[PDB]
$ cat coords.cif   # mmCIF, C-alpha atoms
data_protein
loop_
_atom_site.group_PDB
_atom_site.id
_atom_site.type_symbol
_atom_site.label_atom_id
_atom_site.label_comp_id
_atom_site.auth_asym_id
_atom_site.auth_seq_id
_atom_site.Cartn_x
_atom_site.Cartn_y
_atom_site.Cartn_z
ATOM 1 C CA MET A 76 20.442 -51.681 -16.026
ATOM 2 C CA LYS A 77 20.616 -53.775 -12.837
ATOM 3 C CA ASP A 78 18.650 -54.084 -9.568
ATOM 4 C CA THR A 79 16.069 -51.328 -10.161
ATOM 5 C CA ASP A 80 12.329 -50.728 -10.684
ATOM 6 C CA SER A 81 12.610 -47.924 -13.259
ATOM 7 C CA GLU A 82 11.163 -44.721 -11.776
ATOM 8 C CA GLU A 83 9.482 -44.352 -15.179
ATOM 9 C CA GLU A 84 7.297 -47.415 -14.509
ATOM 10 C CA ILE A 85 5.079 -44.965 -12.592
ATOM 11 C CA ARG A 86 5.667 -41.874 -14.758
ATOM 12 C CA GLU A 87 3.526 -43.597 -17.414
ATOM 13 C CA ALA A 88 1.106 -45.578 -15.220
ATOM 14 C CA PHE A 89 0.198 -42.081 -13.995
ATOM 15 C CA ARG A 90 -1.054 -40.805 -17.351
ATOM 16 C CA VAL A 91 -2.691 -44.219 -17.859
ATOM 17 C CA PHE A 92 -5.294 -42.756 -15.490
ATOM 18 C CA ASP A 93 -4.775 -39.068 -16.336
ATOM 19 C CA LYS A 94 -6.228 -39.089 -19.868
ATOM 20 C CA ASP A 95 -6.972 -35.362 -19.718
ATOM 21 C CA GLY A 96 -3.174 -34.834 -19.665
ATOM 22 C CA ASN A 97 -3.773 -31.906 -17.280
ATOM 23 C CA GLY A 98 -1.543 -33.034 -14.383
ATOM 24 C CA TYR A 99 -4.252 -34.185 -11.959
ATOM 25 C CA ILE A 100 -6.476 -37.264 -12.373
ATOM 26 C CA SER A 101 -10.191 -36.458 -11.938
ATOM 27 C CA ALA A 102 -12.716 -38.912 -10.460
ATOM 28 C CA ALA A 103 -14.034 -39.757 -13.934
ATOM 29 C CA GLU A 104 -10.435 -40.473 -15.003
ATOM 30 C CA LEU A 105 -10.206 -43.034 -12.177
ATOM 31 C CA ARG A 106 -13.574 -44.704 -12.888
ATOM 32 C CA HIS A 107 -12.888 -44.675 -16.653
ATOM 33 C CA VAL A 108 -9.584 -46.602 -16.588
ATOM 34 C CA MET A 109 -10.471 -48.712 -13.533
ATOM 35 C CA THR A 110 -13.344 -50.159 -15.581
ATOM 36 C CA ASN A 111 -11.174 -50.706 -18.678
ATOM 37 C CA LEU A 112 -11.149 -54.357 -17.546
ATOM 38 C CA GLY A 113 -14.755 -54.602 -16.302
ATOM 39 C CA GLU A 114 -14.693 -53.124 -12.781
ATOM 40 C CA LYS A 115 -17.485 -50.539 -12.467
ATOM 41 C CA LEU A 116 -16.630 -48.168 -9.597
ATOM 42 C CA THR A 117 -19.696 -46.194 -8.469
ATOM 43 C CA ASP A 118 -19.681 -42.539 -7.316
ATOM 44 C CA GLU A 119 -19.604 -43.252 -3.553
ATOM 45 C CA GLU A 120 -16.788 -45.698 -4.382
ATOM 46 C CA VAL A 121 -14.678 -43.394 -6.583
ATOM 47 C CA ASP A 122 -14.607 -40.363 -4.252
ATOM 48 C CA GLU A 123 -13.621 -42.753 -1.436
ATOM 49 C CA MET A 124 -10.964 -44.466 -3.578
ATOM 50 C CA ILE A 125 -9.599 -40.980 -4.281
ATOM 51 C CA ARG A 126 -9.600 -39.778 -0.666
ATOM 52 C CA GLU A 127 -6.896 -42.428 -0.069
ATOM 53 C CA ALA A 128 -5.021 -41.847 -3.356
ATOM 54 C CA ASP A 129 -4.458 -38.114 -2.787
ATOM 55 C CA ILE A 130 -3.092 -36.523 0.398
ATOM 56 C CA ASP A 131 -5.776 -34.036 1.454
ATOM 57 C CA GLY A 132 -6.579 -31.402 -1.190
ATOM 58 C CA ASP A 133 -10.155 -31.531 -2.468
ATOM 59 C CA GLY A 134 -10.533 -34.957 -4.090
ATOM 60 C CA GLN A 135 -8.066 -35.108 -7.016
ATOM 61 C CA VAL A 136 -4.943 -37.201 -7.607
ATOM 62 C CA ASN A 137 -1.545 -36.184 -9.001
ATOM 63 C CA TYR A 138 1.790 -37.817 -9.873
ATOM 64 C CA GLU A 139 3.349 -37.762 -6.379
ATOM 65 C CA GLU A 140 -0.010 -38.895 -4.963
ATOM 66 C CA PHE A 141 -0.589 -41.448 -7.738
ATOM 67 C CA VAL A 142 2.851 -42.934 -6.996
ATOM 68 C CA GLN A 143 1.716 -44.203 -3.571
ATOM 69 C CA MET A 144 -1.485 -45.597 -5.129
ATOM 70 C CA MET A 145 0.500 -47.043 -8.053
ATOM 71 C CA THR A 146 3.097 -49.261 -6.355
ATOM 72 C CA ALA A 147 1.501 -50.095 -2.987
ATOM 73 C CA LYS A 148 -2.279 -50.651 -2.910
#

$ encode --input "coords.cif" --output "structure tokens"
Amino acid sequence: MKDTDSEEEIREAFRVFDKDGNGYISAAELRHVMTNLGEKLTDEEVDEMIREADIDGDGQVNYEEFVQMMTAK
């Protein structure tokens, strides 16, 4: 309780995008919550927004990969 950012702050923000509670956030999970405010990411925009969120698997995001896209960016 002093000088800290709560490592949990991201533990939840992660599921905020991972609604399938499977462990990895799919592209639809990123375009579904990213538009919860109005933004409408298109397909060529989601796959590209994912390529930077994940490290280099196939095109999915995870908790350790979502952490970098959560705080920074």

$ closest_residue --input "coords.cif" --among "A:133, A:114, A:104, A:122" --to "residue 89 (chain A)" --atoms "all atoms listed in the file"
A:104

$ resolve_selection --input "coords.cif" --expression "the PyMOL selection byres ((chain A and resi 124) around 12)" --output "list in words"
residues 101, 102, 103, 105, 106, 109, 116, 117, 118, 119, 120, 121, 122, 123, 125, 126, 127, 128, 129, 130, 134, 135, 136, 141, 144 and 148 of chain A

$ closest_residue --input "coords.cif" --among "A:77, A:108, A:137, A:142" --to "residue 94 (chain A)" --atoms "all atoms listed in the file"
A:108

$ closest_residue --input "coords.cif" --among "A:99, A:140, A:115, A:146" --to "residue 85 (chain A)" --atoms "all atoms listed in the file"
A:146

$ atom_distance --input "coords.cif" --atom1 "CA of residue 90 (chain A)" --atom2 "CA of residue 138 (chain A)"
8.5 Å

$ closest_residue --input "coords.cif" --among "A:145, A:79, A:131, A:139" --to "residue 92 (chain A)" --atoms "only C-alpha atoms"
A:145

$ atom_distance --input "coords.cif" --atom1 "CA of residue 91 (chain A)" --atom2 "CA of residue 107 (chain A)"
10.3 Å

$ atom_distance --input "coords.cif" --atom1 "CA of residue 132 (chain A)" --atom2 "CA of residue 87 (chain A)"
22.7 Å
